[PDB]
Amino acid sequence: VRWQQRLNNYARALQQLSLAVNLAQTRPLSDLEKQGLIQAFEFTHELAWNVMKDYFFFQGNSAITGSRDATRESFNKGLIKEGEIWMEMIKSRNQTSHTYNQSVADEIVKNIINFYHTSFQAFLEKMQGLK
């Protein structure tokens, strides 16, 4: 029940992230649109690890508390394949207060486009199949 509602909101959020990633593949993003892509990454990643946590609670695991726990357990049980990429997302979340520096904003944007988006899509497909 609760995990499937979270999954639906995750899909909605990721759809907005995907639109921004597809726009970035068409033309360069403005500095303001880059900040918007980073915000879409923040709300998509937040939903994603909460889908993990909710799913494991549905499975009867109430030991997961945070995003690192949820990510580790997802890798251990095969919900994700790229454990290191998902751990890197947590590091990127911890940098978003520094994106008023163009170099930080560019580096997060590159990781979102080059790695995080496809990982989000794979996780969505995996959880939809479990649902």
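A residue's number is simply how far along the shown sequence it sits, counting from 1.
- Relative to one another, 106 to 114 and 21 to 29 have unequal mean CA B-factors, and 21 to 29 is the one with the higher figure.
- Of the two segments, 43 to 51 and 59 to 67, the one listed with the higher mean B-factor is 59 to 67 (C-alpha atoms only).
- Among all modelled residues in this chain, the alpha-carbon of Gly36 has a temperature factor (C-alpha) in the lowest third.
- Sort the modelled residues of the chain by CA B factor and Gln121 lands in the lowest third.
- The entry lists a Cα temperature factor for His98 that places it in the middle third of the chain's modelled residues.
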